[PDB]
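This report refers to the structure that appears directly beneath it.
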Amino acid sequence: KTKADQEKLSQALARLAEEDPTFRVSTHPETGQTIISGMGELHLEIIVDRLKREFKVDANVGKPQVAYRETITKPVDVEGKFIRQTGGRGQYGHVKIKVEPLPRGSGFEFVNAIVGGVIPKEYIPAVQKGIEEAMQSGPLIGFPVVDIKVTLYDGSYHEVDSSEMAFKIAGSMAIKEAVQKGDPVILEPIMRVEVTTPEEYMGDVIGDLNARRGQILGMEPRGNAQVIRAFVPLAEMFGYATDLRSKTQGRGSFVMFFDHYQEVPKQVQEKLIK
Amino acid sequence: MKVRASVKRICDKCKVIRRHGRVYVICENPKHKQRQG
Amino acid sequence: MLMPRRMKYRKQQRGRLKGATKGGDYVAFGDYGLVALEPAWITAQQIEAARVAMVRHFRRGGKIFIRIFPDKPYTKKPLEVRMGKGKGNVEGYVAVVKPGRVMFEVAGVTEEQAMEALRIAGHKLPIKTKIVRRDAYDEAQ
Amino acid sequence: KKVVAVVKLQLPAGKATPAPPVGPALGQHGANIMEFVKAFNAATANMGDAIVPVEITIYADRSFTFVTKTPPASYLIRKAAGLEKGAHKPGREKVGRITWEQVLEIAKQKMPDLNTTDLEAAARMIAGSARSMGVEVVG
Amino acid sequence: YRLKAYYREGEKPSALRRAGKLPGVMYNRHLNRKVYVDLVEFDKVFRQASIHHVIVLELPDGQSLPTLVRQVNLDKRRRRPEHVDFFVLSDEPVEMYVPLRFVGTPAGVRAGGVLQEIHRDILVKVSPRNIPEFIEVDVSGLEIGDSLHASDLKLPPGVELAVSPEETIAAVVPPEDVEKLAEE
RNA sequence: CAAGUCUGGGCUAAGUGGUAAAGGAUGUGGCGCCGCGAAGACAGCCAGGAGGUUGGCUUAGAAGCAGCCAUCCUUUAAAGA
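Residue numbers (our numbering), protein chains in the order written: chain D, 224 to 497; chain X, 181 to 217; chain P, 2 to 142; chain S, 258 to 396; chain R, 9 to 192.
And the structure:
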């Protein structure tokens, strides 16, 4: 709740972590919210009483967010101009790049496609820190626009006006717009999960998993039981615990790993526009 | 598919009954259990 | 939608529907047809709403021929406004359909499909219809 | 002390590991899960591949037995035409083919399994499987 | 084919329809008598027979003339052949409509499209002696695109087309595909 | 409430009659065309109801039975890829 309680909580685990080392407290290393690591519904649940009573802390209980990612489909090329020529320290910066989408899990690649040197040597570093930079808040939700290759293939300058900074913006402009123009796509996180379950329950277990935006990948037995592997969206993967132990009365267990990112069903594109 | 104005055969197992001047249509699946009105 | 491209008159008089058809009462194109039993004014929308579901039902089907063509300006005064003051403005269009008229007909499809798409089409239409085959439609020049 | 069986598995050639469905059914068999990868692949060390159907029957003292049939008719026809896959859409797309003798050679390979005791009848059961996978008969 | 027909006095040509029989009239450059035939047997024959094959009509006067339905008028509101026109054929060559037989699967037949029977009945001529039939039209080498027309067809040992030629006999056109949008 | 609880034949079973629409229905009578029929038909019993072969392609897996196509063969008294 209000930043007041945000503190009572800090002590809450600073003593509750020692009084029960069967859990872990994690602050999402990117976005405030803190997770409560448990080992079963009840577990975390009864802490919500003590932590809320014997600590009087009173806060909210939703579910985590998902580390989405921005990119595009079609490759584009736009101008990067900046120039402000009025009467003295001119500010003259301009460049043109080549933007091209890359395999989900490609990364960050730029291209010093400048011939002789129409764009002076001193500024390139600056036109990258500009481009590099921009790629931070996506064009859609504001997320790490990634998996792209960038190609500086042109742009000019002015002998006196240009500025290390002037370029950082021009480049930060070509980037800030090639994405907008090459049709953005909201990538999201896919997980690898492996449910150990007696092929007794399995039947529905697989079901359940299918009705979970997920697609099956196999099932090579284990112990007396059977494993099922597949991918899934972290969003429709939450509190899977109390769902796996449902289809299995207890005899079920799973794991989960990240793997790649990948495009959302469009119907979920305009979903996220908030 | 209980009350309604257009009661029809939702699968061959369904049967057009008419007990008491009211047209009913029954099957093995309680879903198909209709009746006109 | 569909409609005239040009027109000598932006507005035109009602008139009244009588029997007959004047023409277009037979096949000439497809294999199977749909025809009107009751006279009325079908709006472009009605047509389209059907034509659509017509093709929708038979993904990958033949060719449908719209044998009807609206051209009659649909009037209607503004709302909450009294009588007088001239006529009304156009809202849409309609094609005056009378009994015995072939509304559409399809060509190149299984009987199963054709006898079914039309069954649906008829639901979009505000009037009852018949679904014809092609026997004695031979020579209708 | 588990009970008895007319197990009708469907195990391929070579891959002989106790892993299921050779475990749950053959754990009540007492099955020498390794006296197959040897008794089998000795007679199929010839082929190499293609599934080999098998009916492993257990009894009282915890002994087993198992009778194997021939490789799917669809198999020998896949190689006698440079194929791997059928033709996806039988009929229209011919991807290869078998002569009137190449047909009459395979029907030898599976003649003591079908039912007919000929080849003019056998061959036909081959020749029918030709359009089952889109592979005409050279005639 | 046959068909029982009778002479009409010419009284209440609508009394006959009600009556149950369908008012007619046959003729030719020489004689024309007003007639009428029963429906059932005219359905059951014209249902097939049509205007391609003759129909020999037998009247209570022994005559049994051979004729073609040169015209069939309707009842528009409910289609119900309300009056025929039997052309009494002769020996003299006269024009009629012979059926077309599209004998050969074109390319649209695995590709797609649909053959469009833009004119399955053509107007030729020939002495009633030679009563042709299906005039075979050649197809195969055709795929959803242009077409063929004119008089590219096997004209029998005496049949001698009376159309143009030039009239687009038939053509294949593109099928509908659900998922297709162009607006945008 | 004045004059047939008139006569012959037919329909209607809701009080319809005694006021409404699309659209639903083995309502109920009536005309029709067109099939199987005692070397055994309809309902009917006990029977068998199979082998190539888990058809091919696709899929996580498709084995008659998602879905593409394809529909030959077989031993028969007969059994559909």
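No residue lacks a Cβ here, since even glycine has one placed at the ideal position from N, Cα and C.
Exposed or buried, residue i, counting other C-beta atoms within 10 Å across all chains shown (16 or more means buried)?
i, result
"residue 9 (chain R)", "exposed"
"residue 69 (chain R)", "exposed"
"residue 320 (chain S)", "exposed"
"residue 292 (chain S)", "exposed"
"residue 338 (chain S)", "buried"
"residue 438 (chain D)", "exposed"
"residue 385 (chain S)", "exposed"
"residue 281 (chain S)", "exposed"
"residue 175 (chain R)", "exposed"
"residue 317 (chain D)", "buried"
"residue 71 (chain R)", "exposed"
"residue 391 (chain D)", "buried"
"residue 208 (chain X)", "exposed"
"residue 2 (chain P)", "exposed"
"residue 65 (chain P)", "buried"
If you reduce the DSSP assignment to three classes, tell me which class residue i lands in.
i, result
"residue 249 (chain D)", "strand"
"residue 56 (chain R)", "coil"
"residue 335 (chain D)", "strand"
"residue 3 (chain R)", "Residue 3 (chain R) cannot be examined here, being either before or after the span of chain R that is shown, 9 to 192."
"residue 323 (chain D)", "strand"
"residue 397 (chain D)", "helix"
"residue 266 (chain S)", "coil"
"residue 77 (chain P)", "strand"
"residue 385 (chain S)", "helix"
"residue 392 (chain D)", "helix"
"residue 465 (chain D)", "helix"
"residue 492 (chain D)", "coil"
"residue 450 (chain D)", "strand"
"residue 39 (chain R)", "coil"
"residue 410 (chain D)", "strand"
"residue 142 (chain R)", "coil"
"residue 196 (chain X)", "strand"
"residue 375 (chain D)", "strand"
"residue 298 (chain S)", "coil"
"residue 276 (chain D)", "helix"
"residue 1 (chain P)", "Since the first and last residues shown for chain P are 2 and 142, residue 1 (chain P) lies out of range."
"residue 270 (chain D)", "helix"
"residue 120 (chain P)", "helix"
"residue 110 (chain R)", "strand"
"residue 346 (chain D)", "helix"
"residue 54 (chain P)", "helix"
"residue 96 (chain P)", "strand"
Once the 5 residues before and after residue i are set aside, which same chain residues still bring their CB inside 8 Å of it?
i, result
"residue 273 (chain D)", "239"
"residue 248 (chain D)", "236, 240, 257, 258, 259 and 260"
"residue 263 (chain S)", "312 and 314"
Residue i bridges to which residues according to DSSP?
i, result
"residue 109 (chain P)", "None; residue 109 (chain P) has no bridge partner."
"residue 203 (chain X)", "Paired residue(s): none; residue 203 (chain X) is not in a bridge."
"residue 476 (chain D)", "D:419"
"residue 155 (chain R)", "R:179"
"residue 103 (chain P)", "P:36"
"residue 484 (chain D)", "D:412"
Note down, in chain order, each residue of its chain lying with its Cβ closer than 7 Å to the Cβ of residue i, except the 5 sequence neighbours on either side.
i, result
"residue 93 (chain R)", "33, 77, 78 and 79"
"residue 295 (chain D)", "324, 402, 405, 406, 407 and 408"
"residue 333 (chain S)", "363 and 366"
For residue i, which residues of its own chain have a beta-carbon under 6 Å away from its beta-carbon, when the five flanking residues on both sides are left out?
i, result
"residue 91 (chain R)", "31 and 81"
"residue 282 (chain D)", "224 and 228"
"residue 440 (chain D)", "452 and 453"
"residue 377 (chain D)", "319"
"residue 261 (chain S)", "315"
Between the region 107 to 124 of chain P and the region 41 to 48 of chain P, can you find at least three pairs of beta-carbon atoms closer than 8 Å? no
Specify whether the region 295 to 303 of chain D and the region 319 to 337 of chain D touch according to this definition: at least 3 beta carbon pairs, one from each stretch, less than 8 Å apart. yes
Contact between the region 85 to 96 of chain P and the region 57 to 66 of chain P is defined here as three or more beta-carbon pairs at a separation below 8 Å; is this criterion met? no
Would you be able to state if there are at least three C-beta pairs under 8 Å between the region 147 to 155 of chain R and the region 168 to 184 of chain R? yes
Per the contact definition of three or more C-beta pairs closer than 8 Å, is the region 49 to 65 of chain R in contact with the region 105 to 119 of chain R? yes
Decide yes or no for the touch test of the region 266 to 274 of chain S against the region 296 to 305 of chain S: beta carbon pairs closer than 8 Å, at least 3 of them. yes
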